[PDB]
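Below you'll find the structure, written out as structure tokens, and then a few comments.
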Amino acid sequence: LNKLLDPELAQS
Amino acid sequence: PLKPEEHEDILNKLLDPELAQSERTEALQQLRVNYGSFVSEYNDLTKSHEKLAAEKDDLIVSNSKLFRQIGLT
Amino acid sequence: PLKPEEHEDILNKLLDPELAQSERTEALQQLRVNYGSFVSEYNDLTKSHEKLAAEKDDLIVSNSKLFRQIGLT
Amino acid sequence: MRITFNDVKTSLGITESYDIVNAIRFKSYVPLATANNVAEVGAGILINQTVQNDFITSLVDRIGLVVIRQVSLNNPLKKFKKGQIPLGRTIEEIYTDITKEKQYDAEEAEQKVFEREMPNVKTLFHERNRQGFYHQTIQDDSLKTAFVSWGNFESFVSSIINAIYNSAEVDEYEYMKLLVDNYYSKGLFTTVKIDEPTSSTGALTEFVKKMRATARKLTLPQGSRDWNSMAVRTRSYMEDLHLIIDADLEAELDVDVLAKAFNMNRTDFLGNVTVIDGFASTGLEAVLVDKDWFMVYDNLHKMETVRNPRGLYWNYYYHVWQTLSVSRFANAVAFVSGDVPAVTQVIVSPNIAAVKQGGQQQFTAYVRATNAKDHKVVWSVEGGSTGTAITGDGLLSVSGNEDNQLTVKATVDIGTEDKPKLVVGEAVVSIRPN
């Protein structure tokens with residue numbers, strides 16, 4: 001699953 | 001154009017259920033007229049962005065061919 | 001981020017003079033976030049409208065210089 | 001073991017890192033912003049019961065599982081910690097004897113070319129099941145008072161994770177100790193006699209000498225076959241031996257000396273010896289174990305939360321399910337300090353056989369004697385039939401017209417005029433008709 005499975009559109 | 005702090009006052013004003021229906025009608029009106037203004041000022045500068053951005057892309061593509069000729073010599 | 005149409009439906013929902021105290025705070029906070037993201041969009045896009053315009057002039061200057069340099073060879 | 005928030009296993013930095021579960025759901029009341037605003041996000045989350053429940057459930061379940069799972073995989077117990085249980089386990093050991101090599105003979109080879117190898121001896125695994133939950137609790141005021149800044153959220157999440165995972169580590173250590181205790185209780189360890197190391201310095205030096213001798217003899221290049229649950233003639237490299245030493249005993253000996261008993265230096269030992277206080281099994285002091293001997297597999301690691309509207313609080317459940325397997329072919333030494341008998345247990349070669357109605361099978365017994373004396377084995381057949389007899393050397397002969405299942409028995413006597421002391425090994429023999 002990892003952290004990436006919860007997408008982050010605020011990463012950038 | 002409404003500052004976030006001043007626009008908070010109307011939102012805080014619209015919290016009381018006891019407030020007169022006339023005041024709520026006027027208070028709700030300022031949100032409509034300025035949001036319509038806000039999207040209006042948002043729209044033209046958004047569309048004007050789509051104009052000069054295309055010019056930049058045209059210049060970038062045109063220039064990219066030009067740097068290629070500089071390295072030829 | 002919210003369309004003026006969708007923003008409109010929020011207005012008449014708050015126009016009701018009888019309303020449960022639960023969603024009355026829910027919609028009130030919804031407008032708070034709607035405005036909060038919209039102003040930051042305006043600052044973000046205006047910040048783009050100056051650098052891109054300044055870059056557009058620089059690209060024009062670079063295009064003129066690059067054309068002349070090729071002609072000298 | 002003492003995890004703080006600075007242990008960032010995944011994701012980028014800064015507290016605002018998580019703060020996005022709104023994307024997967026919700027994102028209409030919380031500001032999708034990465035800035036210094038801490039009151040806005042707190043008000044957006046704290047608006048009503050639905051937003052609170054969704055945010056709390058997501059943050060507690062997914063991030064909690066990720067963090068604790070990725071923190072518990074690098075604990076000092078990682079050496080025996082393997083991944084998820086494989087499919088098609090078959091719950092059976094399969095080890096092949098390290099036999100010699102036949103000589104090249106053209107005359108002998110031309111006689112028969114379709115011969116087969118000897119049976120590999122397939123014994124079952126030794127497993128133990130683990131199931132439990134830890135069940136912590138969240139108060140409502142914590143969420144209210146954890147949004148004053150960008151460090152309170154860090155402290156709150158780290159407090160939850162540290163409050164849960166520390167108890168899990170202790171349970172893992174206790175389960176390892178319990179498994180070692182049970183394995184010694186069943187008597188499968190090959191015992192080596194030591195006497196009161198803590199009593200005197202000379203006893204400590206003698207214990208160190210015996211430690212070194214056993215560790216050197218286990219790692220013989222040509223194989224040993226002496227130290228095993230059954231005679232298989234395996235071989236263990238020096239860099240794989242693990243030592244489980246009692247705490248008060250380990251305290252007396254220096255890190256060195258015991259270090260030079262093996263062939264590496266200090267720093268390479270702190271990850272090769274565990275300390276457990278108290279074995280409670282007669283006189284067990286230390287245990288020397290091959291790295292393969294202990295194997296742990298994990299099945300379930302899941303979180304679920306419940307909400308109590310009347311009390312305004314939430315609950316916790318870490319369900320940790322594991323299957324701790326014990327291999328019966330890796331080397332194992334008991335090193336007990338007590339009054340164990342001269343013969344601990346005898347082992348019978350070919351435990352399982354399929355002999356025809358007119359064939360024969362040769363059996364050999366390996367006596368595990370703690371002393372230097374010699375003990376004789378008296379063979380017997382049990383079973384019950386006419387024509388079935390075993391010799392004094394263990395050669396069993398089957399007569400025709402038989403249908404029962406035979407159990408070869410090897411017995412030794414270490415008693416006196418009265419003999420309430422029998423050490424017996426069993427071999428189950430199945431019969432097939434011709």
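Here's how to read the names in the structure tokens: chain A, B, ... by the order shown, residue numbers from 1 in each chain, ligand numbers from 1 in the order shown.
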
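Fitted onto chain C by least squares over the complete set of C-alpha atoms, chain B shows an RMSD of 2.8 Å.
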
Item to complete: Mind checking which residues fall within 7 Å of stretch 4-12 of chain A, counting only C-alpha atoms, ignoring those fewer than 5 positions away in the same chain, and posting them as a list in words?
Response: residues 20, 21, 23 and 24 of chain D

How would the residues just chosen look if you wrote them out with N, CA and C atoms as a short mmCIF file (atom, residue, chain, number, x, y, z; two decimals), in the first residue's frame?
data_model
loop_
_atom_site.label_atom_id
_atom_site.label_comp_id
_atom_site.auth_asym_id
_atom_site.auth_seq_id
_atom_site.Cartn_x
_atom_site.Cartn_y
_atom_site.Cartn_z
N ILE D 20 -3.60 15.16 3.44
CA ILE D 20 -4.08 15.09 2.06
C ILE D 20 -5.08 13.96 1.88
N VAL D 21 -5.30 13.15 2.92
CA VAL D 21 -6.25 12.05 2.84
C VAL D 21 -7.62 12.55 2.39
N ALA D 23 -8.02 13.88 -0.31
CA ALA D 23 -8.05 13.54 -1.73
C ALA D 23 -8.77 12.22 -1.97
N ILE D 24 -8.53 11.22 -1.12
CA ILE D 24 -9.18 9.93 -1.23
C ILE D 24 -10.48 9.89 -0.42
#

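Every protein, DNA or RNA residue with an atom at most 12 Å from residue C:37, where only C-alpha atoms count and chain neighbours fewer than 4 positions away do not, is listed here: residues 4 of chain B; 1, 2, 30, 31, 32, 33, 41, 42, 43 and 44 of chain C; 27, 28, 29, 30, 31, 32, 33, 34 and 40 of chain D.
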
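Checking D:87, D:1, D:121, D:163 one by one against residue D:136, counting only C-alpha atoms, you find the shortest gap at D:163.
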
Discussion item. Could you list, as a VMD selection string, every residue within 9 Å of residue B:63, counting only C-alpha atoms and ignoring same-chain residues fewer than 5 positions away?
Written reply: (chain B and resid 58 68) or (chain C and resid 59 62 to 63 66)

Item to complete: Using atom CA of residue C:47 and atom CA of residue D:41 as the two end points, give the distance in Å to one decimal.
Response: 25.0 Å

Worksheet item: Tell me, which residues of chain B carry DSSP helix (DSSP H, G or I), written as number ranges by chain?
Response: B: 4-13, 21-72

Discussion item. I'd like the neighbourhood of residue B:54 as an MDAnalysis selection string, where a residue qualifies if any of its atoms comes within 12 Å (using only C-alpha atoms), though same-chain residues fewer than 6 positions away should be ignored.
Written reply: (chainID B and resid 47:48 60:61) or (chainID C and resid 52:53 56)

Item to complete: Excluding stretch 298-306 of chain D and any residue of its chain fewer than 3 positions from it, enumerate the residues within 9 Å of it, using only C-alpha atoms, and give them as an MDAnalysis selection string.
Response: chainID D and resid 57 60:62 64:65 69 81:85 313:324

Worksheet item: atom CA of residue D:130 and atom CA of residue D:171 are how many Å apart?
Response: 10.1 Å
